[PDB]
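Take a look at this single chain in C-alpha cells; it is the form deposited in one PDB entry.
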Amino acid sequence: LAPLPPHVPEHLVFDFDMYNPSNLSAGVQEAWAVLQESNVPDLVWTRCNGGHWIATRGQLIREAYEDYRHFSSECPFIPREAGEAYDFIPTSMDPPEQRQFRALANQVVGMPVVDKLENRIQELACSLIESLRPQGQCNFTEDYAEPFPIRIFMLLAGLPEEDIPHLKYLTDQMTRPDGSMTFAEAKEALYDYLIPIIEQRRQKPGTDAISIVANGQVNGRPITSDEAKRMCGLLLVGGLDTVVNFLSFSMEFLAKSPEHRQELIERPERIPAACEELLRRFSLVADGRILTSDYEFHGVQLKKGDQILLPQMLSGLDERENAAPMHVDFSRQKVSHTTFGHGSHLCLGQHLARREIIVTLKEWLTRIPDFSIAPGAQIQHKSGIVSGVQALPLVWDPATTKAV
C-alpha cells in the first residue's frame, strides 16, 4: 500500500487491487463489480499499485474518456512506470495530434478492410475448429483462441507464417508479464522485430498494413520510421489478448449455459445481438488516464499527475446502465457498454473484433453444438489491464458433431 496523498480524503479509500482483486475465484467481472456496491462512491482512491483513482460508474467513465484535456493518455497504464515507458501510437497520444495517426491506423483495420477479410476469417476459424472437432476435447484458450487473431494479423500485415511462433513469444512477453522483464524491455524486444520490417517496406512498399502505415502521411508530412514502428506495435498487440480472452469468457459462459447455447443453435440470426450482449457482460479492458492539471471532478479534488483507472469493463456492468447487469439476455433492447472504450480512442479494431467473435460463434456452434467444461475442471480467471481466462478445458462427444 502506497501512502495516502494528503489531498485524498479518507472516506474515498477503497484498496481495490486491479491485478489481484479479492473474490477473483468468483469470476473477474464479479470481482470488479464489488466497486459498484451501494456503499462505494462513484469515484474512489485505492492505495494498491502505487495509488490511483478508479471511476466506478459508467457516467464518470464515459465523461473522463471524453475529456482528454484533463484526462490524458500520455500515461494510460497502472502502475505509473508501465504507463510512462508505453509509447504506442495512437494509445499514448492525445488529440489533436492523435487524430491523424488514428486516421492512418483506420485505413488498416477499419470497416472496408474487415468486409474484405470476412471470408479469410471464416476459412481460418473453420480449419482451426475442424482440426479439434474429432478429438472430443481442447483447451479452447490455447488451441483455438490464441492461434486465431495472431493469424488474422499476419494476413493483414503480410508477414510470413513461420514468424508466428517468434511473434507470439514476443507479444506474450509483453502482455502476460511474469516479472522477469520490465515492460520497457519487452517493448524493445518487440520493436527489434518490427524495426527491420519497416525499413524494408519503406524502401520497397507493398500493400500490407505495415507498408500502408510506414509510408503514410500524418499532420502534413511523411510518418517517421519511429512513428510507424510505434503504430505497428499497437496494431499487432491490440487485437491479441483482448480477442483471446474475450472469446474465452464467451465460450466458458456458453459451455456453462446449455440454454443459451440452444438459443443460438435454434436461432443463429441472433448471434450478432448475442455477440453484443456478451461484449457487455464479459467486458474485460481496464486502462486509464493521467490528470493534466488540478481538477474538481464530480465533487472530488484531483491533482495534476494523479492517475485514474477508468475501467472500460465497468460501464456495462453498472446497474444504472443496464438492469440486472450480471444476467445474460440475448434479446436485451438497449445493450449499453464501453467495452471498446469511448471518446477519441474508441477501438479502431471493434469491427474486426465483432467479425472474429461472430464468425467464431457461428462456426463453432455449427460444428460442435454440444460442449461442456471438462468434468472436474474449475475455470481460473486473471485480472489486469486486459482481464482473462487462464485455461479453458472443453469436452464434447464427437458423434454429436459434424464436419462441415
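The numbering used is simple: start at 1 and walk along the sequence shown. Whichever C-alpha set is largest while still superposing within 1.5 Å between the two forms counts as the rigid core. Only residues modelled in both forms are compared.
Missing here is the form deposited in another entry; even so, the following discussion is about that form.
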Shifted position (C-alpha, 2 Å or more, core held fixed) between this form and the one not shown, chosen from 319, 142, 185, 130: 185
Rigid core fitted, then: does residue 204 show a CA shift of 2 angstroms or greater between this form and the one not shown? yes
Given a core-based superposition, decide whether the C-alpha of residue 264 shifts by 2 Å or more between this form and the one not shown. no
Taking the rigid core as the frame, does residue 103 move its C-alpha by 2 Å or more between this form and the one not shown? no
After superposing on the rigid core, which segments of 3 or more consecutive residues have every C-alpha shifted by 2 Å or more between this form and the one not shown? 176-207
